[PDB]
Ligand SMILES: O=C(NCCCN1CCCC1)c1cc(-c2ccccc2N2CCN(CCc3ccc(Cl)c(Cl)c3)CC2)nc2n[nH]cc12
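Shown below, as structure tokens, is a lone chain in the form deposited without the named molecule; questions about how it binds or moves come after it.
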């Protein structure tokens, strides 16, 4: 059928999209869409159920592989048609079993089509076969990364899968890299990847009118602005903190397009985001271009460093970069804030909560002013800063920060969402 209040249409310049037929207010559920295929990330095993993504302590372990946990035998046998793709190879390959998460998700996509080749209730407006691939635009270096995924697919998932032509496998991974979703928790921590066909129909905008939240394996779409009949439903694919140039670089790299919304054409927030300190002698333009290029490099340098460097060395990257940037950038600069945010996360892992709160409170005020009204990046930041206070018995500034997240999350997740209950339950704990 068709989702009530919404209609599929061809947006001029954006291919296909989702358009509203009835008015939607801030907080209204536009539609819900169950996952077509989904996988729990490796680092969250034991904390969430494999079948329904229920976070709970004490989960029944899988007898054969011991690396898959369920709430009970109910969720176990329900997940077996998909778990059988990995249960046996995880023990046979042992340490050598390490497929990418995109390959894990793709292997279950092929499995779902094999045991359910007709339209699922997850694709009432956009079938999985209709996913745009951008195959024409794949760079040669990008083509080897997709071929390396097909090689791992045959390497790990050859037991239960009937593989189509290699041409059909290249286009399948291309669609997954464009239409794939990453499930996140309340703290915006990575929980897994999934495919939501009807949700993938919505286009991108740096000033979106809806935000996507998750209730286990079910994706919920809720309006973050006022949506009138005839207006297209827009979401955000990327982190809206960085300037127009940085945003469109991720968009062109990962999705093969350049955003042309109000923010991207006028560069309104580019002044406040690339904020410069107006000392007596204003920094020359070349001194600004050098620091911005320096800031983007060290941000990518920190991403590689986390994979193999000690926490004390990751904190040294932040404190060194902050010194070099503080000569030109004000503390409200998004690059200064990013490094300070990474330093806050490293302190939270070393359980130096006092040091993380000094970073969290410093950045929270300038952080929120660069985001939309109801943003999950701001809500999760208030949650992280909130729960750190509750562990140090600072329940004054703790519940004050938690109510800020609840205010934003009640619009994004909804008032009945389970995340809203647990945060209220954390303020009740005396």
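Positions refer to the first chain, counted from 1.
Higher mean CA temperature factor between 244 to 252 and 290 to 298: 290 to 298, per the PDB entry. Annotation for 278 to 286 versus 212 to 220: the higher mean temperature factor (C-alpha) is found in 278 to 286. For the set 239, 231, 149, 184, the PDB entry assigns the largest Cα B-factor to 149. Of the candidates 47, 361, 375, 41, the deposited coordinates give 47 the top C-alpha B factor.
Sorting the modelled residues of the chain by their CA temperature factor places residue 325 in the highest third. In this PDB entry, residue 266 carries a Cα temperature factor that places it within the highest third of its chain's modelled residues. Annotation for residue 166: CA B-factor lies in the middle third of the chain's modelled residues. Among the modelled residues of the chain, residue 430 sits in the highest third by CA temperature factor in this PDB entry.
When all modelled residues of the chain are sorted by CA temperature factor, residue 369 is found within the lowest third.
Although not depicted, the form solved in complex with the named molecule is the subject of the following passage.
The stretch among 145 to 153, 115 to 123, 308 to 316, 269 to 277 whose residues place heavy atoms within 4.5 Å of the named molecule in the bound PDB entry is 145 to 153. Using a 4.5 angstroms heavy atom cutoff to the named molecule in the bound PDB entry, none of 41, 47 and 97 count as contacting. The named molecule in the bound PDB entry comes within 4.5 Å of a heavy atom belonging to residue 193. At the 4.5 Å threshold, heavy atoms of residue 105 reach the named molecule in the bound PDB entry. With a 4.5 Å cutoff on heavy atoms, residue 291 does not count as touching the named molecule in the bound PDB entry; it lies far away. A residue is said to contact a partner when one of its heavy atoms sits within 4.5 Å of a partner heavy atom; residue 178 meets this definition for the named molecule in the bound PDB entry.
This chain appears without its partner; in the bound PDB entry, the one residue of 80, 163, 93, 256 with a heavy atom within 4.5 Å of the named molecule is 256.
Proximity to the named molecule in the bound PDB entry, taken as a non-hydrogen atom within 4.5 angstroms, holds for one residue of 358, 182, 158, 327, which is 182.
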